[PDB]
Every structure is written in structure tokens, then in C-alpha cells.
Amino acid sequence: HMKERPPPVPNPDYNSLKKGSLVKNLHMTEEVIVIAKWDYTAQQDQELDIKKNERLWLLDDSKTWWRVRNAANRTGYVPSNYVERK
């Protein structure tokens with residue numbers, strides 16, 4: 001009938017149009033950390049692959065999607081629905 005799994009991404013709004021923007025050039029002061037409730041797979045190039053119980057450095061969490069950084073100094077996007085700070 002139907003497998004047992006959570007709903008899809010919370011309507012992602014990081015890209016849709018053909019023309020890109022890219023305006024990264026601002027300072028940020030904060031020391032927060034989030035925790036991925038489960039593991040996810042990088043659906044796009046802007047998104048990041050998170051693991052279960054995986055923690056990262058919270059960068060900017062304003063919209064449905066939050067941005068964090070791993071120990072690899074890498075930064076990506078992830079659905080706040082699959083993540084939960086502690």
C-alpha cells in the first residue's frame with residue numbers, strides 16, 4: 001500500500017529559475033549547533049548530505065531551510081524538517 005516514512009522537504013526555496021544570483025559576501029557572528037534528526041541525501045548541488053544524529057554549525061536559519069557547516073569546513077543547505085537543534 002504505502003511505505004512508512006516522513007513527508008518530503010518543506011517546500012524548498014533555494015533555487016528554481018534558470019538565472020542564478022549568488023550574493024555571498026557578509027560577516028556572521030554566532031555559535032549555534034543543530035542536529036539532523038535523520039540522514040538525508042544531497043538532492044542538489046547547493047544541498048548537503050546529513051547523517052542521523054549528525055551535528056553541525058548553525059549558520060543562518062531564517063527560512064524553512066537552514067544552513068550549517070560540518071567539520072570539513074563545508075557549507076550546505078538542509079530542510080529544517082529533517083533537523084532539530086538541541
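FYI the Cβ positions are ideal-geometry reconstructions off the backbone, even for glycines, and counts take in every protein chain you see. Nothing in this text is a laboratory measurement; each read-out follows from the coordinates by a stated rule.
For this structure, a couple of remarks:
- Top positive-direction residue, dipole computed over the chain with Cβ charges, set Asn70, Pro6, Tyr82: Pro6
- When the Cα gyration tensor is reduced to axis lengths a ≥ b ≥ c, the ratio a/c is 1.5 or higher for the chain, and with a/b not above b/c it is classed as oblate.
- Cα gyration tensor of region 1-42 - equivalent ellipsoid semi-axes, whole Å, descending: 29, 21, 7
- Full-stretch length increase - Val32, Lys86 - with 0.36 nm per residue and alpha-carbon distance subtracted: 18.5 nm
- Taking the chain and dividing mean pair separation by its residue count, relative contact order in percent (alpha carbons under 8 Å, at least six apart): 29
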